[PDB]
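Undergrad: First, the structure itself, so that you have it in front of you.
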Amino acid sequence: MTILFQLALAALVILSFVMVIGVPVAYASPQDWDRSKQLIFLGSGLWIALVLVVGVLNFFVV
Amino acid sequence: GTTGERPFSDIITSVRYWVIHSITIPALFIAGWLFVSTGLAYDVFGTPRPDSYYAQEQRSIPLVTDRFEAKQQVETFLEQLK
Amino acid sequence: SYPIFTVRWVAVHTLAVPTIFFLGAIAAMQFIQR
Amino acid sequence: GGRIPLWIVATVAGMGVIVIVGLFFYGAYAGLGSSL
Amino acid sequence: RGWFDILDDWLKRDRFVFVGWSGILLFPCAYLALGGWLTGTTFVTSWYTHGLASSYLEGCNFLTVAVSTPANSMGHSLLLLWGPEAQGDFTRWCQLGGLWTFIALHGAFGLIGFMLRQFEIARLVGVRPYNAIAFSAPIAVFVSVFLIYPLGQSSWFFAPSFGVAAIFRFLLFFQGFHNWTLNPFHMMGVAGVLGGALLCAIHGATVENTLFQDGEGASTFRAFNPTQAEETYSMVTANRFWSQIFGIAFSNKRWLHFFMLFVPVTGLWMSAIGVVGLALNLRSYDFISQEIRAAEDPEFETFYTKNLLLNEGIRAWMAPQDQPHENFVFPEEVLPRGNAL
Amino acid sequence: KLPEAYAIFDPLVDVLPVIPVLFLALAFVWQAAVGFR
Amino acid sequence: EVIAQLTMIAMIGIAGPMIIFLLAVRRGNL
Amino acid sequence: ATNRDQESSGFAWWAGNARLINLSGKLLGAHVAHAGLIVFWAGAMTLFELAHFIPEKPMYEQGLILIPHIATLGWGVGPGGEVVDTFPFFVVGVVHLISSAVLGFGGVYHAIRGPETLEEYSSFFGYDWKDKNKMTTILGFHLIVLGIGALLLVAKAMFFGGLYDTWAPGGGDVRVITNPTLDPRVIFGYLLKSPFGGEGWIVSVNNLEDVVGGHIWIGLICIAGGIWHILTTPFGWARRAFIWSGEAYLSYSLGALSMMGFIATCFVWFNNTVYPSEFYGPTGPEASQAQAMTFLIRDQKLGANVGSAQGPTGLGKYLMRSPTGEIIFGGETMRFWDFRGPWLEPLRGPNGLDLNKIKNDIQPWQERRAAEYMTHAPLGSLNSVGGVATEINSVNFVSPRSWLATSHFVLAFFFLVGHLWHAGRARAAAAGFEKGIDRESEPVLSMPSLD
Amino acid sequence: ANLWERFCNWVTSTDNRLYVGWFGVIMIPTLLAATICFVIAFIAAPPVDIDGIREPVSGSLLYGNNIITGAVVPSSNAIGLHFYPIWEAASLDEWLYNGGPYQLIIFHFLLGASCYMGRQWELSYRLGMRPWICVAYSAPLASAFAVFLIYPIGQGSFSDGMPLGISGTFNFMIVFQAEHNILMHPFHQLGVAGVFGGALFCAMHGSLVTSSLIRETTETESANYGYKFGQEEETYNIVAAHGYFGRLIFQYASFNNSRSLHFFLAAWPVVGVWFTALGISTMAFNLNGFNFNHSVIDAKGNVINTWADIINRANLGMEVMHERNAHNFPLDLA
Ligand code: CLA
Ligand code: CLA
Ligand code: CLA
Ligand code: CLA
Ligand SMILES: CCCCCCCCCCCCCCCCCC(=O)OC[C@H](CO[C@@H]1O[C@H](CO)[C@H](O)[C@H](O)[C@H]1O)OC(=O)CCCCCCCCCCCCCCCCC
Ligand SMILES: CC1=C(/C=C/C(C)=C/C=C/C(C)=C/C=C/C=C(C)/C=C/C=C(C)/C=C/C2=C(C)CCCC2(C)C)C(C)(C)CCC1
Ligand SMILES: CC1=C(/C=C/C(C)=C/C=C/C(C)=C/C=C/C=C(C)/C=C/C=C(C)/C=C/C2=C(C)CCCC2(C)C)C(C)(C)CCC1
Ligand SMILES: CC1=C(/C=C/C(C)=C/C=C/C(C)=C/C=C/C=C(C)/C=C/C=C(C)/C=C/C2=C(C)CCCC2(C)C)C(C)(C)CCC1
Ligand code: OEX
Ligand SMILES: [Cl-]
Ligand SMILES: [Cl-]
Ligand SMILES: [Fe+2]
């Protein structure tokens, strides 16, 4: 499924770009530590998922 | 001490400074750009465009070889490109 | 209570404004084709 | 009179030179002077 | 209070950038040498004088742009904008080399003005004028290379042109035509310049590594207060160290800083003299005894003879393009060449 | 070339190698922010 | 194309100063 | 502010990483974060190279330094070093890039959120620089990790497809290594070769069996020494010989890395075995020899007896003798006669180049390699104009052997300076005068005058 | 105690007129070997076949040189990078013909000068000093390593090392320009900035401190006698020196912290000479200076020469004439 791989891959890019900015901002603002220690948590697992997803799909397109 | 002028650190952080220079700096840049893109700088300074170094079939440089007939040699060379 | 137009003002403007003009010129040159 | 913080004017100014210079190194490969 | 004294007051006001009477000469001439060089490396050709592109406008980069010398056919003309050659025509002035003399002559006067400024400020602040004195060596160099050397030659064409690679060509011309490396006056100048670099580095390092601990932090820069009476480093430990490392050592701080002035200033003066000689082609080109031996003894070879062969290659391979007004035509068969290359 | 699947990312792939030098510059932006204390 | 490459790197390049920016606003631990 | 300013830390901003010397946690973060930067670059760069890779051009005409390291391990490559599959380059690339993200995450966590010091969170991960026991233990664990990696190269050579073997009969091909060299007289014979001409110290290793064999020794040696250091503490002579501090350990490693940088420089410049010329372009010596071969072939084809052609100097124009009598190519390339290469060695006899083999046995593929290599000599300009310094613009080429040698000499030089910097400082600091001379007890004032 | 400890305290004694040190244990014998061999070879060595073509070059005074032309000649191209100790020659006559003295001198010399640098560290430690003078020396040291060791390695022969002679140095420079366009190389441009600026800052600093000596003497005696060795107060007014130099340019282009000032004097020449030593060391691997030969062409494609092209014409005259008998094949690849 071509467009489904390119969706999964840009999902990954977008989520990385969000995580690139928000993980260090979240970490150095303690006022909202617990506010966010689940957002990076869920980001991380989401991120890992897409890598695995983009990794398996690779074989049905490349 | 201080010779009395306004600290530079103070001016470049002031909003008045960037209000004025948000227009003036790009304005000068765009003028310089236009100086070249209009082709004006070739003609003010006598600098060849890429088509006017040589006549089409000549392979010799328009070297000025006389001191008081010098302005005249350059004018002859340029007409020989037409 | 500072002046704005000083001798220094003239100094930094006699260099600065020609410099920006010249740069815009040179920028434009990178798009000249033979 | 201080309104815009210095580090921001430095970063912007800095990025502005990077562009202009980058452009000049681009021009070394393109158009006049590029050997092509 | 007369009008001269009132003017004097304003010129010598303590402002961010001191003007002075010297400024009347310095600021216009310096700004115009500068300005003219930027204008010509940005916009002006060398096509009619040298057969060369020399401006950004033409595709040259920072290394290859130049304000090149006027054509040899101009002689030593002042090349005034209003003189017989350009006749007031700015565009043809640029095409004939007028920015070269423009820059060279306003630069001469701006240099005068800077030394006068050094004198002026020294007098007002109350210090001996040794910095002005030291600036005489750069003036010597500018005058000898840019003015005197062309005036002994056929024309301003053979002076240095104002650009990076242009100056490199001047270096190589001086090897190929003058054997300038062989000149003892240039050798003293090398000694003086390399010796000044040496003294710069060893003095700075020595002070930095004999500091007294005058603060508690690891960055030692903050433990110096310019009003302090006390020496910031130990002359005594520095002297012992160098006596035992190198055998001798300075012991007198005044002698040490006079030596630092002396060495490079003197080097540059000596090299100036060598170039005055080269103005006349009065070279140290050869060693007659070696030439007499070599001409008779085909098995006699030294690095001196090897280098003349290189010179001979430089002159013949670079002359036609470098001196185009001569119309040198060298058939392939006359170019000197070793085997294969 | 990249595989054709990933081709759209060529412009991103072309610029990724410069990113470690941005970290070096970023440290200086950061110190200007805390004023080089 | 080159506008592609340049918009990538414009976005990546601003990403750093942004972090700094948002942490100075939200008075973070710079 | 925990350190983080000049007054508390004693170090200014331009020396700010010296504020981490006793903050094991933030320090850990900087090391992991920086490991992220290394893995990032191996990732982004391989993908960049791949995007720009055209498989019909030689690798060395395309500016590639990382894809040739992968090709040399046996992936993606066929006979003659032809590229048959680029997928593995993609994989190598993507996996490092993904991994840099988790090294990144873990570094930034430790440097910002994490505990600044580790020694109260856990006695295992926390350390004092002066604890000689702990330090040799950590040293031991990294020795073990390193021995393991040396054996992953063995794993690849012996069990997982082999390695690219420029010397393989048939013009080169990937080959499984089954009989690696264990004989310590060979393996450590290399260590005792002179570094001079015709010897080459370890740069002379010229077959894959010796390469794989040496990595078996090194792996075992590193694993054993790891275990040694875990169980031992430094002896008394070693305790008295060294400075025991963070900066000093840093300085020892800068010395080592400097040493290694210089050897790598020479490896890439001289060795055509683990830096195959099919991928990295010919060596300087190889291009030069290839030119003499080329014009030997041309002139021989025209009717020249190249064995008896006296050149201008009286030496042979095409062939002459080395100072021990070997027949070698003449001309300036006389200096390069130690060169050895798959395209040339078929002409080698017991006395050097064999004139019968020159007259009779040169194949078109040797003529071909010799012309390719002479026209890709590692000479070129900083803006990547290929050729001698007087060549005109046209060919856009600088050898990756030039790029890798130059860059690593520069890095090795500056790491030697860093060694001297931090070694001298660590000694001064441990004696307590790194901040200047104590005015109230200046040592020289208590010494007798020299004269 | 025992003899070893007695020896050790002598070696590291701070009361020796010249410090010995452990680095000095290696430095003294190697410097002596190199100095004695160099002086004898410069006077008496017979002609040396530097380029391996049976064309001996005479370098010594007794064989017809003066002080400017004489050299100790590099070892033969036929040797390349092979090690040629005296004991590998079949006779000293052979060793002299093939350039053996050059190898002996430079190896003992590089070794001794490396230990000179170490010995600078060593005495700074015995005296209680900061340690980094030896780091400043690394810049000239690195430069020597480049012309005697690295450049030969990259090019495959000690015959392309710098000669040990005045005119031999010039030969090496001219040939380097032809084969590398070093003048167009930015590391050499940094070297020039390093030494021009070092001489500038040397003269500047000396002139400024000299301009601000406090009056301590009469007009009939040297002002040098206004400083006494080991005196506690300074002998010049640095505030006066700043006030002259701040006005000469403007206030902040001027240093008022001696430590920062002297660290700038150390750093400026050392860095530049690091870069130029690195230029020799990377041109040794043929990453050469910028090449702008025929970079400018006109609308038709005629070549519009620039000053770079004129440099190339001089380079070309150097190239085709150097070692005029040594090339048989069209490209000079090392
Ligand atoms: C990263 C690598 C590394 C490092 C940093 C160390 C560091 C150390 N080791 Mg360990 N070691 C390692 C790997 C390493 N080791 C491995 C792999 C092994 C297994 C072989 C060992 C086996 C080992 C033993 C058996 C001992 C140490 C000891 C030590 C300590 C003193 C070292 C010393 O004096 O330097 C070396 C300094 C010297 C003065 C040695 C002589 C060096 C001369 C001048 C050079 C020539 C000989 C040289 C040994 C090798 C020849 C190479 C040549 C052929 C090119 C030090 C903590 C000692 C200790 O205290 O034990 C707890 C000790 O006795 N190490
Ligand atoms: C310190 C200021 C200064 C100085 C020293 C110079 C010097 C020079 N300029 Mg530059 N110039 C300047 C400012 C200056 N200029 C400024 C501000 C500009 C911008 C407009 C220029 C623009 C410029 C151009 C465009 C050119 C020069 C040129 C020249 C050269 C020839 C000038 C000449 O023949 O003068 C002739 C005029 C005089 C010598 C003035 C005479 C003064 C009086 C009238 C004499 C009579 C005195 C009287 C009898 C007694 C009165 C007593 C008193 C009490 C009242 C010379 C190198 C030329 C050049 O470089 O070409 C190669 C050229 O082409 N200049
Ligand atoms: C490889 C480069 C490198 C690394 C890894 C470090 C790491 C570190 N530095 Mg050093 N430093 C460097 C280069 C580096 N530095 C350079 C070049 C300079 C000179 C300009 C300095 C000057 C310097 C000073 C002056 C100080 C440090 C300090 C520190 C430590 C804490 C800094 C802090 O509080 O951040 C605070 C900053 C922020 C919270 C802003 C955000 C920063 C984050 C890390 C940006 C991450 C963005 C990135 C894209 C990650 C997101 C991706 C995600 C998927 C993981 C930290 C361990 C400090 C220290 O020692 O602590 C006592 C300190 O005082 N450094
Ligand atoms: C050498 C690097 C290194 C070191 C010494 C540490 C050490 C520490 N970290 Mg960090 N950390 C690292 C890298 C490192 N970490 C990286 C890369 C990440 C991101 C993934 C993190 C993320 C992280 C977080 C988020 C936290 C820590 C915490 C801790 C502490 C407890 C961790 C523990 O007990 O693990 C237990 C160990 C195990 C269960 C063993 C299994 C671990 C894996 C599965 C084995 C992988 C081995 C692998 C093959 C090695 C090669 C990797 C690669 C080169 C191929 C300790 C001080 C914690 C802390 O400080 O508490 C506040 C904490 O909260 N670290
Ligand atoms: C603390 C104070 C100590 C300082 C002492 C100063 C040292 C003085 C330097 C003397 C070094 C030169 C001595 C060389 C003897 C020559 C022997 C010989 O026959 O060659 C002498 C000649 C040298 O070569 C010939 O020199 C002649 C001039 O006298 C002619 O000009 C010939 O043309 C020229 O070729 O060559 C031979 O005879 C060939 C001999 C080869 C085999 C013999 C083995 C010799 C071993 C040489 C080892 C010397 C190493 C010196 C180490 C000493 C260190 C203290
Ligand atoms: C892989 C990937 C990724 C990631 C990325 C990243 C990782 C990024 C980062 C980024 C960064 C990391 C960046 C940064 C930047 C920076 C900058 C931009 C800076 C600059 C600087 C400046 C400009 C400076 C200036 C100055 C100052 C400030 C002060 C002093 C002076 C000066 C002037 C120097 C993504 C997501 C995309 C996805 C895809 C893939
Ligand atoms: C601490 C600190 C620092 C440092 C930092 C660092 C050093 C960091 C690092 C970081 C890192 C190291 C990061 C990383 C990241 C990365 C990522 C984010 C990745 C991702 C990836 C992806 C996303 C991919 C994708 C793809 C694919 C899969 C296929 C092909 C295509 C593409 C590429 C698209 C500084 C100095 C600044 C400041 C101070 C503090
Ligand atoms: C892998 C391989 C191989 C093998 C390898 C091996 C087996 C290695 C060995 C290695 C080794 C086994 C090394 C060693 C090293 C050592 C060293 C480098 C040392 C150093 C030392 C030092 C540094 C010392 C110092 C000192 C002194 C002397 C006195 C007192 C003070 C001190 C302690 C500081 C081969 C070639 C076959 C091939 C390819 C691959
Ligand atoms: O030896 Mn002395 O110089 Ca260096 O290149 Mn090849 O080789 Mn020879 O010619 Mn050019
Ligand atoms: Cl020659
Ligand atoms: Cl040849
Ligand atoms: Fe001083």
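Residue names in the structure tokens use chain letters A, B, ... in the order shown, residue numbers from 1 in each chain, and ligand numbers from 1 in the order shown.
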Collect all residues with atoms no farther than 9 Å from ligand 12, counting only C-alpha atoms and all ligand atoms, and output them as a list in words.

TA: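 Counting only C-alpha atoms and all ligand atoms, the residues within 9 Å of ligand 12 come out as residues 203, 204, 207, 253, 256 and 257 of chain E; 205, 206, 209, 258, 261 and 262 of chain I.
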
Undergrad: Would you mind exporting the chosen residues as a PDB file, in the first residue's frame, restricted to N, CA, C and O atoms?

TA:
```pdb
ATOM      1  N   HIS E 203      56.849  35.892  24.083  1.00  0.00           N
ATOM      2  CA  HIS E 203      56.568  36.883  25.127  1.00  0.00           C
ATOM      3  C   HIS E 203      55.211  36.659  25.747  1.00  0.00           C
ATOM      4  O   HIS E 203      55.090  36.662  26.975  1.00  0.00           O
ATOM      5  N   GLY E 204      54.175  36.538  24.888  1.00  0.00           N
ATOM      6  CA  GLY E 204      52.818  36.248  25.342  1.00  0.00           C
ATOM      7  C   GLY E 204      52.727  34.947  26.126  1.00  0.00           C
ATOM      8  O   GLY E 204      52.174  34.915  27.221  1.00  0.00           O
ATOM      9  N   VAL E 207      54.583  35.251  29.638  1.00  0.00           N
ATOM     10  CA  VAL E 207      53.807  35.988  30.631  1.00  0.00           C
ATOM     11  C   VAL E 207      52.634  35.136  31.099  1.00  0.00           C
ATOM     12  O   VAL E 207      52.360  35.009  32.298  1.00  0.00           O
ATOM     13  N   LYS E 253      62.771  44.358  31.666  1.00  0.00           N
ATOM     14  CA  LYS E 253      61.490  44.479  30.982  1.00  0.00           C
ATOM     15  C   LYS E 253      61.474  45.611  29.979  1.00  0.00           C
ATOM     16  O   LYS E 253      60.741  45.541  28.982  1.00  0.00           O
ATOM     17  N   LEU E 256      63.349  44.500  26.936  1.00  0.00           N
ATOM     18  CA  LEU E 256      62.573  43.465  26.257  1.00  0.00           C
ATOM     19  C   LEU E 256      61.550  44.072  25.308  1.00  0.00           C
ATOM     20  O   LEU E 256      61.470  43.684  24.137  1.00  0.00           O
ATOM     21  N   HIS E 257      60.782  45.062  25.785  1.00  0.00           N
ATOM     22  CA  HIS E 257      59.780  45.709  24.941  1.00  0.00           C
ATOM     23  C   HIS E 257      60.386  46.682  23.907  1.00  0.00           C
ATOM     24  O   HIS E 257      59.788  46.903  22.834  1.00  0.00           O
TER      25      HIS E 257
ATOM     26  N   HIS I 205      53.100  46.117  20.521  1.00  0.00           N
ATOM     27  CA  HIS I 205      53.193  45.958  21.963  1.00  0.00           C
ATOM     28  C   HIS I 205      54.471  46.580  22.490  1.00  0.00           C
ATOM     29  O   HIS I 205      54.453  47.312  23.483  1.00  0.00           O
ATOM     30  N   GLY I 206      55.590  46.292  21.844  1.00  0.00           N
ATOM     31  CA  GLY I 206      56.833  46.934  22.243  1.00  0.00           C
ATOM     32  C   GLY I 206      56.746  48.454  22.190  1.00  0.00           C
ATOM     33  O   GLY I 206      57.200  49.140  23.108  1.00  0.00           O
ATOM     34  N   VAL I 209      54.287  49.737  25.172  1.00  0.00           N
ATOM     35  CA  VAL I 209      54.903  49.681  26.489  1.00  0.00           C
ATOM     36  C   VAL I 209      56.076  50.653  26.555  1.00  0.00           C
ATOM     37  O   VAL I 209      56.318  51.283  27.585  1.00  0.00           O
ATOM     38  N   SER I 258      46.175  43.077  30.994  1.00  0.00           N
ATOM     39  CA  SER I 258      47.454  42.572  30.514  1.00  0.00           C
ATOM     40  C   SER I 258      47.364  41.096  30.163  1.00  0.00           C
ATOM     41  O   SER I 258      47.911  40.662  29.145  1.00  0.00           O
ATOM     42  N   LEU I 261      45.670  40.659  26.920  1.00  0.00           N
ATOM     43  CA  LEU I 261      46.604  41.184  25.936  1.00  0.00           C
ATOM     44  C   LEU I 261      47.719  40.178  25.636  1.00  0.00           C
ATOM     45  O   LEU I 261      47.958  39.839  24.478  1.00  0.00           O
ATOM     46  N   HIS I 262      48.394  39.666  26.668  1.00  0.00           N
ATOM     47  CA  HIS I 262      49.498  38.754  26.416  1.00  0.00           C
ATOM     48  C   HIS I 262      49.002  37.410  25.901  1.00  0.00           C
ATOM     49  O   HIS I 262      49.694  36.755  25.103  1.00  0.00           O
TER      50      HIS I 262
END
```

Undergrad: Name the residues of chain G that come out as helix (DSSP H, G or I) in a backbone DSSP run; write them as a VMD selection string.

TA: chain G and resid 2 to 25

Undergrad: For range 156-170 of chain I, find every residue with an atom within 7 Å (counting only C-alpha atoms), except residues of its own chain fewer than 4 positions away, and show them as a list in words.

TA: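 Within the cut-off, the hits are residues 181, 303 and 304 of chain E; 335 and 336 of chain H; 50, 51, 68, 69, 70, 71, 72, 73, 74, 75, 76, 77, 80, 81, 147, 148, 151, 152 and 174 of chain I.
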
Undergrad: Could the residues in this selection be saved with N, CA, C and O atoms as an mmCIF file, in the first residue's frame?

TA:
```
data_model
loop_
_atom_site.group_PDB
_atom_site.id
_atom_site.type_symbol
_atom_site.label_atom_id
_atom_site.label_comp_id
_atom_site.auth_asym_id
_atom_site.auth_seq_id
_atom_site.Cartn_x
_atom_site.Cartn_y
_atom_site.Cartn_z
ATOM 1 N N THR E 181 64.651 36.191 -3.641
ATOM 2 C CA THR E 181 64.968 35.396 -2.447
ATOM 3 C C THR E 181 66.457 35.456 -2.114
ATOM 4 O O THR E 181 66.842 35.411 -0.939
ATOM 5 N N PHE E 303 72.228 24.306 -5.568
ATOM 6 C CA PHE E 303 70.849 24.734 -5.536
ATOM 7 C C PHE E 303 70.715 26.123 -6.156
ATOM 8 O O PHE E 303 69.626 26.497 -6.592
ATOM 9 N N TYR E 304 71.823 26.859 -6.248
ATOM 10 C CA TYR E 304 71.802 28.175 -6.844
ATOM 11 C C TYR E 304 71.542 28.076 -8.340
ATOM 12 O O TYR E 304 70.705 28.810 -8.875
ATOM 13 N N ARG H 335 60.905 5.851 -6.738
ATOM 14 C CA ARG H 335 60.675 5.954 -5.314
ATOM 15 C C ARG H 335 59.533 5.061 -4.847
ATOM 16 O O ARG H 335 59.441 4.768 -3.649
ATOM 17 N N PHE H 336 58.658 4.633 -5.755
ATOM 18 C CA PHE H 336 57.430 3.944 -5.377
ATOM 19 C C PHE H 336 57.498 2.438 -5.614
ATOM 20 O O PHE H 336 56.456 1.790 -5.753
ATOM 21 N N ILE I 50 70.647 13.687 -5.229
ATOM 22 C CA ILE I 50 69.345 13.891 -4.597
ATOM 23 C C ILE I 50 68.211 13.221 -5.376
ATOM 24 O O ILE I 50 67.287 12.657 -4.775
ATOM 25 N N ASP I 51 68.203 13.326 -6.699
ATOM 26 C CA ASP I 51 67.032 12.908 -7.470
ATOM 27 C C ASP I 51 67.153 11.503 -8.055
ATOM 28 O O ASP I 51 66.289 11.093 -8.835
ATOM 29 N N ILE I 68 75.435 31.018 1.242
ATOM 30 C CA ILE I 68 74.089 31.126 0.703
ATOM 31 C C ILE I 68 73.702 29.926 -0.179
ATOM 32 O O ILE I 68 72.519 29.592 -0.282
ATOM 33 N N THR I 69 74.646 29.309 -0.886
ATOM 34 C CA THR I 69 74.285 28.240 -1.800
ATOM 35 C C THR I 69 74.443 26.871 -1.179
ATOM 36 O O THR I 69 73.771 25.938 -1.617
ATOM 37 N N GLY I 70 75.293 26.761 -0.166
ATOM 38 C CA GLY I 70 75.570 25.478 0.451
ATOM 39 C C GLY I 70 74.351 24.809 1.050
ATOM 40 O O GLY I 70 73.422 25.438 1.553
ATOM 41 N N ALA I 71 74.407 23.491 1.071
ATOM 42 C CA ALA I 71 73.375 22.753 1.779
ATOM 43 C C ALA I 71 73.892 21.401 2.196
ATOM 44 O O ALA I 71 74.811 20.847 1.597
ATOM 45 N N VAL I 72 73.213 20.824 3.142
ATOM 46 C CA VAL I 72 73.213 19.370 3.228
ATOM 47 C C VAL I 72 72.062 18.855 2.367
ATOM 48 O O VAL I 72 70.899 19.257 2.521
ATOM 49 N N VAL I 73 72.403 18.027 1.390
ATOM 50 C CA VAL I 73 71.443 17.661 0.346
ATOM 51 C C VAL I 73 70.549 16.481 0.762
ATOM 52 O O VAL I 73 71.046 15.505 1.345
ATOM 53 N N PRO I 74 69.238 16.518 0.479
ATOM 54 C CA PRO I 74 68.382 15.356 0.792
ATOM 55 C C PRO I 74 68.830 14.080 0.111
ATOM 56 O O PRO I 74 69.480 14.088 -0.942
ATOM 57 N N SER I 75 68.472 12.970 0.751
ATOM 58 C CA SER I 75 68.840 11.666 0.263
ATOM 59 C C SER I 75 68.117 11.314 -1.042
ATOM 60 O O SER I 75 66.997 11.755 -1.319
ATOM 61 N N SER I 76 68.756 10.414 -1.789
ATOM 62 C CA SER I 76 68.378 10.067 -3.152
ATOM 63 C C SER I 76 66.948 9.565 -3.319
ATOM 64 O O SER I 76 66.457 8.726 -2.556
ATOM 65 N N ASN I 77 66.351 9.938 -4.451
ATOM 66 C CA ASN I 77 65.016 9.461 -4.779
ATOM 67 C C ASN I 77 64.966 7.931 -4.876
ATOM 68 O O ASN I 77 63.910 7.332 -4.666
ATOM 69 N N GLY I 80 63.917 6.604 -1.720
ATOM 70 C CA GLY I 80 62.542 6.910 -1.378
ATOM 71 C C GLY I 80 62.406 7.108 0.113
ATOM 72 O O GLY I 80 63.054 7.975 0.719
ATOM 73 N N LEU I 81 61.569 6.288 0.741
ATOM 74 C CA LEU I 81 61.345 6.345 2.186
ATOM 75 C C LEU I 81 62.090 5.257 2.945
ATOM 76 O O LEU I 81 61.861 5.087 4.150
ATOM 77 N N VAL I 147 58.035 19.843 6.908
ATOM 78 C CA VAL I 147 58.909 19.915 5.733
ATOM 79 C C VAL I 147 59.974 18.815 5.726
ATOM 80 O O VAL I 147 60.532 18.529 4.667
ATOM 81 N N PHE I 148 60.244 18.155 6.859
ATOM 82 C CA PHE I 148 61.296 17.149 6.935
ATOM 83 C C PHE I 148 60.757 15.717 6.986
ATOM 84 O O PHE I 148 61.473 14.798 6.618
ATOM 85 N N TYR I 151 55.793 15.864 4.574
ATOM 86 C CA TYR I 151 55.780 16.057 3.132
ATOM 87 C C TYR I 151 56.534 14.950 2.425
ATOM 88 O O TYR I 151 55.996 14.424 1.438
ATOM 89 N N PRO I 152 57.715 14.504 2.883
ATOM 90 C CA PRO I 152 58.321 13.298 2.265
ATOM 91 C C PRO I 152 57.430 12.059 2.333
ATOM 92 O O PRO I 152 57.332 11.330 1.339
ATOM 93 N N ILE I 174 59.810 27.096 -4.349
ATOM 94 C CA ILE I 174 59.403 27.327 -5.722
ATOM 95 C C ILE I 174 58.762 26.074 -6.288
ATOM 96 O O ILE I 174 57.781 26.129 -7.028
#
```

Undergrad: What are the closest atom pairs, with distances in Å to one decimal, for all residues of chain D lying within 10 Å of chain G? Consider only C-alpha atoms, order rows by chain and residue number, and present the result as a Markdown table.

TA:
```
| residue | atom | partner | partner_atom | distance |
| --- | --- | --- | --- | --- |
| D:8 | CA | G:17 | CA | 8.7 |
| D:11 | CA | G:17 | CA | 8.0 |
| D:12 | CA | G:17 | CA | 9.8 |
| D:15 | CA | G:13 | CA | 9.3 |
```

Undergrad: Compute the set of protein, DNA and RNA residues whose minimum atom distance to ligand 7 is at most 7 Å, using only C-alpha atoms and all ligand atoms, and state it as a PyMOL selection string.

TA: (chain A and resi 9+12-13+16-17+20+51+54) or (chain F and resi 6+9+12-13+23-24+26-27+30) or (chain H and resi 29-30+33-34+36-37+40+94+97-98+100-101+103-105+107-108+111)

Undergrad: Residues of chain D within 10 Å of chain F, counting only C-alpha atoms, what are they? List them as a VMD selection string.

TA: chain D and resid 5 to 8 10 to 11 14

Undergrad: Find the residues near residue 276 in chain I: any atom within 7 Å, counting only C-alpha atoms, skip ones fewer than 6 places away on the same chain, and give them as a list in words.

TA: residues 187, 188, 190 and 191 of chain I

Undergrad: Would you put the residues from that selection into a file with N, CA and C atoms, as a compact mmCIF listing (two decimals), in the first residue's frame?

TA:
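Below is the file that was written, result.txt:
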```txt
# COMPACT_ATOMS: atom_id res chain seq x y z
N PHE I 187 45.37 27.77 4.13
CA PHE I 187 46.17 27.55 5.33
C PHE I 187 47.47 28.34 5.28
N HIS I 188 48.06 28.50 4.08
CA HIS I 188 49.24 29.34 3.92
C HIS I 188 48.89 30.81 4.05
N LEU I 190 46.71 31.86 6.05
CA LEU I 190 46.61 31.99 7.49
C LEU I 190 47.99 32.05 8.12
N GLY I 191 48.93 31.24 7.61
CA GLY I 191 50.31 31.38 8.04
C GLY I 191 50.86 32.79 7.88
```
